[PDB]
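First comes the structure, then the notes that go with it.
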Amino acid sequence: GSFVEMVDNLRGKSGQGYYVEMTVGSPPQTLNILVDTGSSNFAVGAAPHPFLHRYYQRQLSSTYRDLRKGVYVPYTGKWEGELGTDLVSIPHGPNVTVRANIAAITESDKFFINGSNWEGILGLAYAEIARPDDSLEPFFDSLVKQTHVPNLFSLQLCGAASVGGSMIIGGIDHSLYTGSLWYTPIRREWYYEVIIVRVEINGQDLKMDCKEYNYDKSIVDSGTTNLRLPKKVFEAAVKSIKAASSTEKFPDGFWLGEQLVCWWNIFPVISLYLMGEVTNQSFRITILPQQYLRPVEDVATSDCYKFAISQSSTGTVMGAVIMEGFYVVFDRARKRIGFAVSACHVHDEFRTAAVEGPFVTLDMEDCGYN
Ligand SMILES: C[C@@]1(c2cc(NC(=O)c3cnc(OCF)cn3)ccc2F)C[C@@H](C(F)(F)F)SC(N)=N1
């Protein structure tokens with residue numbers, strides 16, 4: 001209900017993600033760690049990459065144990081490291097110390113951000129996508145196995161430049177949201193996979209076969225900035241967003257994220273309906289242009305914004321563009337994810353982000369890709 005010591009334990013800069021302070025080893029080494037519900041490894045800088053403020057020094061730790069195994073993790077950047085275990089704690093988190101797997105990062109490319117204040121990543125998703133395989137127990141799994149911390153965590157990510165928010169570990173803080181929580185099932189415990197059953201732009205249904213909304217999956221990912229949509233869905237959404245915002249024209253490159261525009265009510269709300277807890281029942285989460293038109297503050301050659309909805313080949317990714325609207329409860333114990341209106345979300349006098357239900361939606365199981 002109330003975890004005041006964990007409130008406001010997240011920091012970041014716009015476009016660089018949200019991080020939490022952790023300690024690794026004995027005596028404790030303080031590191032800032034990106035909170036990532038889209039991956040499953042605890043991986044920290046362990047060598048003096050010039051972009052890093054701090055890094056894990058295994059030689060200074062008496063509780064370090066070598067697993068004598070390496071791991072190589074390419075993405076569409078990359079990183080490589082050495083697997084071990086050590087004692088891990090979260091200063092503005094529950095009062096516990098856990099022995100966790102750590103990938104000591106020894107080489108990387110396009111992974112760390114030049115100018116950011118974090119030097120590792122906390123993968124909070126499930127073992128099935130852990131590298132090199134599902135035998136490497138993710139951090140949160142170790143946390144639950146070794147303590148009486150309940151098997152859930154919740155995230156309030158606050159946008160718009162410093163950002164902040166809260167990671168409530170083992171519970172929910174009711175001051176972080178307004179109205180009620182609405183829950184969608186976690187379809188499979190790998191990513192935080194969910195099913196989208198309907199899409200509306202300013203209340204107008206896109207009218208697509210709902211399978212296309214989830215081709216080939218839909219996930220909830222704090223480690224991605226954009227709302228990413230499958231190519232066909234993105235196509236249809238931009239078309240509809242263009243129509244709704246017709247009073248001004250804009251170049252095609254802007255909608256494709258290939259150029260910024262410099263200059264809210266011009267733009268429509270976007271609603272995703274998610275599978276509910278009950279047969280034939282759904283609910284709707286709604287975001288504003290405040291969430292999906294993101295300011296780009298680092299423009300030396302210019303008040304510019306990037307269109308932060310983009311096309312994807314890996315499915316829908318509900319990134320920061322979605323999560324900044326909402327308090328999001330990752331209720332692992334019950335295989336579900338709760339959304340509520342965030343008490344910190346950016347909005348105006350006319351429109352607010354919303355979570356509403358129940359709605360009647362048939363054939364919701366058919367929306368999943370197999
Ligand atoms: C592990 C990986 C990854 C994420 C990031 N994330 C950011 O830099 C970032 C920036 N801003 C954000 O919000 C706005 F503030 C959020 N997150 C960086 C490196 C990285 F490796 C992999 C990423 C993937 F796309 F390569 F798969 S996605 C993914 N889920 N995890």
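Following the order of the structure tokens, chains are lettered A, B, ..., residues in each are numbered from 1, and ligands are numbered from 1.
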
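Environment of ligand 1, defined as every protein or nucleic acid residue with an atom within 6 Å of it and counting only C-alpha atoms and all ligand atoms, comprises residues 14, 15, 16, 17, 36, 38, 39, 75, 76, 111, 221, 222, 223, 224, 225 and 320 of chain A.
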
Any chance you can output those residues with N, CA and C atoms as an mmCIF file, in the first residue's frame?
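New file selection01.cif:
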data_model
loop_
_atom_site.group_PDB
_atom_site.id
_atom_site.type_symbol
_atom_site.label_atom_id
_atom_site.label_comp_id
_atom_site.auth_asym_id
_atom_site.auth_seq_id
_atom_site.Cartn_x
_atom_site.Cartn_y
_atom_site.Cartn_z
ATOM 1 N N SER A 14 15.844 12.523 -20.306
ATOM 2 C CA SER A 14 14.932 12.262 -21.402
ATOM 3 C C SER A 14 15.686 11.581 -22.538
ATOM 4 N N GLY A 15 15.081 10.505 -23.035
ATOM 5 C CA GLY A 15 15.658 9.709 -24.103
ATOM 6 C C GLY A 15 16.731 8.727 -23.667
ATOM 7 N N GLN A 16 17.140 8.757 -22.396
ATOM 8 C CA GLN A 16 18.226 7.865 -21.920
ATOM 9 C C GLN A 16 17.765 6.801 -20.918
ATOM 10 N N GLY A 17 16.462 6.743 -20.652
ATOM 11 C CA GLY A 17 15.898 5.715 -19.781
ATOM 12 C C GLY A 17 15.913 6.042 -18.302
ATOM 13 N N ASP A 36 14.873 -2.289 -16.992
ATOM 14 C CA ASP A 36 14.518 -2.827 -18.288
ATOM 15 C C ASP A 36 13.600 -4.053 -18.207
ATOM 16 N N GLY A 38 12.235 -5.267 -20.681
ATOM 17 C CA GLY A 38 12.360 -5.947 -21.958
ATOM 18 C C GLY A 38 13.508 -6.926 -22.081
ATOM 19 N N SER A 39 14.233 -7.197 -21.017
ATOM 20 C CA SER A 39 15.353 -8.159 -21.095
ATOM 21 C C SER A 39 15.477 -8.825 -19.744
ATOM 22 N N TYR A 75 22.558 -7.397 -30.528
ATOM 23 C CA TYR A 75 21.221 -6.885 -30.818
ATOM 24 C C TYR A 75 21.231 -6.344 -32.249
ATOM 25 N N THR A 76 20.111 -5.737 -32.654
ATOM 26 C CA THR A 76 20.014 -5.020 -33.935
ATOM 27 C C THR A 76 20.611 -3.604 -33.849
ATOM 28 N N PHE A 111 26.055 0.207 -27.068
ATOM 29 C CA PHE A 111 25.269 -0.308 -25.971
ATOM 30 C C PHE A 111 25.093 0.787 -24.913
ATOM 31 N N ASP A 221 7.664 -2.806 -22.238
ATOM 32 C CA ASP A 221 9.123 -2.645 -22.225
ATOM 33 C C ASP A 221 9.607 -1.251 -21.782
ATOM 34 N N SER A 222 10.054 -1.142 -20.530
ATOM 35 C CA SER A 222 10.566 0.114 -19.993
ATOM 36 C C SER A 222 11.908 0.507 -20.601
ATOM 37 N N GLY A 223 12.533 -0.432 -21.308
ATOM 38 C CA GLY A 223 13.824 -0.221 -21.914
ATOM 39 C C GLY A 223 13.760 0.212 -23.361
ATOM 40 N N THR A 224 12.558 0.504 -23.855
ATOM 41 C CA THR A 224 12.324 1.076 -25.180
ATOM 42 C C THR A 224 11.593 2.390 -25.018
ATOM 43 N N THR A 225 11.994 3.370 -25.823
ATOM 44 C CA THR A 225 11.436 4.705 -25.748
ATOM 45 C C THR A 225 10.083 4.772 -26.438
ATOM 46 N N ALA A 320 8.316 3.592 -23.330
ATOM 47 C CA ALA A 320 8.150 4.758 -22.467
ATOM 48 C C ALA A 320 6.971 5.605 -22.899
#

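By only C-alpha atoms, and with residues fewer than 2 positions from region 63-69 of chain A along its chain excluded, the set lying at most 7 Å from it is residues 25, 26, 58, 61, 71, 82, 83, 84, 85, 86 and 87 of chain A.
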
What lies within 12 Å of residue 123 (chain A) using only C-alpha atoms, ignoring chain neighbours under 6 positions off, as JSON, numbers by chain? {"A": [19, 33, 34, 35, 36, 37, 38, 39, 40, 41, 42, 43, 44, 101, 102, 103, 129, 130, 131, 136, 137, 138, 139, 140, 141, 190, 191, 192, 221, 222, 223]}

So which residues touch region 183-188 of chain A within 12 Å, counting only C-alpha atoms, skipping near sequence neighbours fewer than 4 positions away, as a PyMOL selection string? chain A and resi 125-129+192-197+214+217-220+272-279+281-285+327-340+355-358+364-365+367-370

Emit the selected residues as a PDB file, in the first residue's frame, including C-alpha atoms.
ATOM      1  CA  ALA A 125      11.767 -10.156 -17.642  1.00  0.00           C
ATOM      2  CA  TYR A 126      11.797 -13.940 -17.451  1.00  0.00           C
ATOM      3  CA  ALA A 127      14.422 -16.677 -17.674  1.00  0.00           C
ATOM      4  CA  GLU A 128      13.313 -17.940 -21.073  1.00  0.00           C
ATOM      5  CA  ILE A 129      15.055 -14.978 -22.770  1.00  0.00           C
ATOM      6  CA  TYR A 192       6.045  -9.285 -20.535  1.00  0.00           C
ATOM      7  CA  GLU A 193       3.761 -10.408 -23.329  1.00  0.00           C
ATOM      8  CA  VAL A 194       0.203  -9.110 -23.542  1.00  0.00           C
ATOM      9  CA  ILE A 195      -2.573  -9.046 -26.144  1.00  0.00           C
ATOM     10  CA  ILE A 196      -4.025  -5.959 -27.797  1.00  0.00           C
ATOM     11  CA  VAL A 197      -7.588  -6.502 -29.007  1.00  0.00           C
ATOM     12  CA  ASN A 214       0.135  -8.627 -32.005  1.00  0.00           C
ATOM     13  CA  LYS A 217       4.011 -10.420 -30.116  1.00  0.00           C
ATOM     14  CA  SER A 218       3.062  -7.391 -28.030  1.00  0.00           C
ATOM     15  CA  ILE A 219       5.249  -6.529 -25.025  1.00  0.00           C
ATOM     16  CA  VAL A 220       5.575  -4.046 -22.170  1.00  0.00           C
ATOM     17  CA  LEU A 272      -5.156   0.507 -26.997  1.00  0.00           C
ATOM     18  CA  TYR A 273      -7.706  -2.051 -25.765  1.00  0.00           C
ATOM     19  CA  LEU A 274      -6.071  -4.863 -23.829  1.00  0.00           C
ATOM     20  CA  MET A 275      -7.379  -8.331 -23.036  1.00  0.00           C
ATOM     21  CA  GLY A 276      -9.106  -8.288 -19.651  1.00  0.00           C
ATOM     22  CA  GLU A 277      -9.132 -10.818 -16.854  1.00  0.00           C
ATOM     23  CA  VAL A 278     -12.516 -12.280 -17.760  1.00  0.00           C
ATOM     24  CA  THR A 279     -13.835 -14.019 -20.886  1.00  0.00           C
ATOM     25  CA  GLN A 281     -14.042  -8.547 -21.239  1.00  0.00           C
ATOM     26  CA  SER A 282     -11.485  -5.859 -22.152  1.00  0.00           C
ATOM     27  CA  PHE A 283     -10.298  -2.420 -21.045  1.00  0.00           C
ATOM     28  CA  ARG A 284      -8.836   0.616 -22.761  1.00  0.00           C
ATOM     29  CA  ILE A 285      -5.708   2.615 -22.051  1.00  0.00           C
ATOM     30  CA  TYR A 327       1.334   3.302 -13.203  1.00  0.00           C
ATOM     31  CA  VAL A 328       2.181  -0.229 -14.309  1.00  0.00           C
ATOM     32  CA  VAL A 329       2.029  -3.220 -11.977  1.00  0.00           C
ATOM     33  CA  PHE A 330       3.988  -6.315 -13.031  1.00  0.00           C
ATOM     34  CA  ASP A 331       2.011  -8.853 -10.946  1.00  0.00           C
ATOM     35  CA  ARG A 332       4.189 -11.850 -11.555  1.00  0.00           C
ATOM     36  CA  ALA A 333       2.526 -13.915  -8.791  1.00  0.00           C
ATOM     37  CA  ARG A 334      -0.760 -13.750 -10.744  1.00  0.00           C
ATOM     38  CA  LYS A 335       0.599 -13.636 -14.315  1.00  0.00           C
ATOM     39  CA  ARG A 336      -0.887 -10.228 -15.036  1.00  0.00           C
ATOM     40  CA  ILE A 337      -0.054  -6.591 -15.547  1.00  0.00           C
ATOM     41  CA  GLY A 338      -2.112  -3.754 -14.067  1.00  0.00           C
ATOM     42  CA  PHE A 339      -2.485  -0.305 -15.594  1.00  0.00           C
ATOM     43  CA  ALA A 340      -3.819   2.807 -13.863  1.00  0.00           C
ATOM     44  CA  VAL A 355      -7.738   3.705 -18.116  1.00  0.00           C
ATOM     45  CA  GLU A 356     -11.381   2.651 -18.627  1.00  0.00           C
ATOM     46  CA  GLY A 357     -13.555  -0.468 -18.619  1.00  0.00           C
ATOM     47  CA  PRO A 358     -15.110  -2.868 -18.763  1.00  0.00           C
ATOM     48  CA  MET A 364      -9.841 -11.917 -27.954  1.00  0.00           C
ATOM     49  CA  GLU A 365      -7.856 -15.203 -27.963  1.00  0.00           C
ATOM     50  CA  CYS A 367      -5.777 -11.768 -31.468  1.00  0.00           C
ATOM     51  CA  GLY A 368      -2.699 -13.704 -30.334  1.00  0.00           C
ATOM     52  CA  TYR A 369      -0.137 -14.834 -32.922  1.00  0.00           C
ATOM     53  CA  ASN A 370       0.960 -18.492 -33.024  1.00  0.00           C
TER      54      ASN A 370
END

Enumerate the residues of region 248-284 of chain A with a DSSP assignment of strand (DSSP E), computed from the backbone, and present them as a VMD selection string. chain A and resid 261 to 262 270 to 275 281 to 284

Written selection (C-alpha atoms) as a PDB file, in the first residue's frame:
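Contents of out.pdb, as written:
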ATOM      1  CA  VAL A 261       9.226  19.255 -36.561  1.00  0.00           C
ATOM      2  CA  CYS A 262       9.663  22.520 -34.627  1.00  0.00           C
ATOM      3  CA  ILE A 270      -4.516   6.945 -29.064  1.00  0.00           C
ATOM      4  CA  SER A 271      -6.281   4.088 -27.307  1.00  0.00           C
ATOM      5  CA  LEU A 272      -5.156   0.507 -26.997  1.00  0.00           C
ATOM      6  CA  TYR A 273      -7.706  -2.051 -25.765  1.00  0.00           C
ATOM      7  CA  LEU A 274      -6.071  -4.863 -23.829  1.00  0.00           C
ATOM      8  CA  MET A 275      -7.379  -8.331 -23.036  1.00  0.00           C
ATOM      9  CA  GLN A 281     -14.042  -8.547 -21.239  1.00  0.00           C
ATOM     10  CA  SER A 282     -11.485  -5.859 -22.152  1.00  0.00           C
ATOM     11  CA  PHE A 283     -10.298  -2.420 -21.045  1.00  0.00           C
ATOM     12  CA  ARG A 284      -8.836   0.616 -22.761  1.00  0.00           C
TER      13      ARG A 284
END

Name all residues at most 8 Å from region 242-252 of chain A (count only C-alpha atoms; drop same-chain ones fewer than 3 positions away) and give them as a PyMOL selection string. chain A and resi 202+238-239+255-256+266-268

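Put simply, CA of residue 117 (chain A) is 8.4 Å away from CA of residue 13 (chain A).
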
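The closest residue to residue 3 (chain A), picked from A:108, A:59, A:135, A:166 and counting only C-alpha atoms, is A:166.
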
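If only C-alpha atoms are the atoms counted, then among A:173, A:189, A:21, A:205 the closest residue to residue 120 (chain A) is A:21.
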
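Each of A:27, A:70, A:94, A:203 was compared to residue 169 (chain A) using only C-alpha atoms, and A:94 turns out to be the nearest.
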
Using DSSP on the backbone coordinates, identify the residues of region 198-273 of chain A assigned to alpha helix (DSSP H); present them as an MDAnalysis selection string. chainID A and resid 231:244 252:255

Let me see the file: selected residues, N, CA and C atoms, as an mmCIF file, in the first residue's frame.
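After the write, out_28.cif holds the following:
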data_model
loop_
_atom_site.group_PDB
_atom_site.id
_atom_site.type_symbol
_atom_site.label_atom_id
_atom_site.label_comp_id
_atom_site.auth_asym_id
_atom_site.auth_seq_id
_atom_site.Cartn_x
_atom_site.Cartn_y
_atom_site.Cartn_z
ATOM 1 N N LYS A 231 4.382 -3.113 -38.818
ATOM 2 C CA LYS A 231 4.407 -2.253 -40.013
ATOM 3 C C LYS A 231 3.002 -1.900 -40.545
ATOM 4 N N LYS A 232 2.154 -2.902 -40.749
ATOM 5 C CA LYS A 232 0.776 -2.638 -41.265
ATOM 6 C C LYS A 232 -0.038 -1.772 -40.331
ATOM 7 N N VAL A 233 0.063 -2.039 -39.032
ATOM 8 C CA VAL A 233 -0.668 -1.254 -38.024
ATOM 9 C C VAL A 233 -0.161 0.174 -37.975
ATOM 10 N N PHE A 234 1.166 0.309 -38.001
ATOM 11 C CA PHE A 234 1.769 1.631 -38.040
ATOM 12 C C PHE A 234 1.249 2.404 -39.268
ATOM 13 N N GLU A 235 1.226 1.709 -40.394
ATOM 14 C CA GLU A 235 0.751 2.295 -41.645
ATOM 15 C C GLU A 235 -0.640 2.852 -41.423
ATOM 16 N N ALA A 236 -1.539 2.000 -40.933
ATOM 17 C CA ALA A 236 -2.937 2.424 -40.729
ATOM 18 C C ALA A 236 -3.087 3.492 -39.652
ATOM 19 N N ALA A 237 -2.249 3.464 -38.612
ATOM 20 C CA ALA A 237 -2.341 4.473 -37.550
ATOM 21 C C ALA A 237 -1.887 5.839 -38.011
ATOM 22 N N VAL A 238 -0.786 5.888 -38.757
ATOM 23 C CA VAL A 238 -0.276 7.165 -39.282
ATOM 24 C C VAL A 238 -1.299 7.793 -40.229
ATOM 25 N N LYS A 239 -1.794 7.002 -41.182
ATOM 26 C CA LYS A 239 -2.913 7.428 -42.032
ATOM 27 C C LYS A 239 -4.028 8.068 -41.206
ATOM 28 N N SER A 240 -4.476 7.387 -40.150
ATOM 29 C CA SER A 240 -5.573 7.917 -39.345
ATOM 30 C C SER A 240 -5.161 9.138 -38.515
ATOM 31 N N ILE A 241 -3.958 9.108 -37.928
ATOM 32 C CA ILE A 241 -3.415 10.271 -37.210
ATOM 33 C C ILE A 241 -3.256 11.478 -38.163
ATOM 34 N N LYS A 242 -2.785 11.231 -39.386
ATOM 35 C CA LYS A 242 -2.671 12.303 -40.401
ATOM 36 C C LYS A 242 -4.032 12.942 -40.646
ATOM 37 N N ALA A 243 -5.031 12.099 -40.914
ATOM 38 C CA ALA A 243 -6.401 12.574 -41.146
ATOM 39 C C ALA A 243 -6.924 13.399 -39.969
ATOM 40 N N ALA A 244 -6.773 12.879 -38.756
ATOM 41 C CA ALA A 244 -7.292 13.552 -37.567
ATOM 42 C C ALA A 244 -6.643 14.914 -37.342
ATOM 43 N N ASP A 252 6.384 13.649 -44.984
ATOM 44 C CA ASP A 252 6.337 12.205 -44.709
ATOM 45 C C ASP A 252 7.502 11.728 -43.813
ATOM 46 N N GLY A 253 8.660 12.393 -43.911
ATOM 47 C CA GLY A 253 9.830 12.078 -43.087
ATOM 48 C C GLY A 253 9.593 12.245 -41.580
ATOM 49 N N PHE A 254 8.758 13.213 -41.198
ATOM 50 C CA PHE A 254 8.400 13.422 -39.801
ATOM 51 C C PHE A 254 7.680 12.202 -39.200
ATOM 52 N N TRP A 255 6.678 11.701 -39.922
ATOM 53 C CA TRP A 255 5.904 10.535 -39.499
ATOM 54 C C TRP A 255 6.765 9.280 -39.453
#

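Nearest residue to residue 360 (chain A) among A:312, A:198, A:259, A:8 is A:198, counting only C-alpha atoms.
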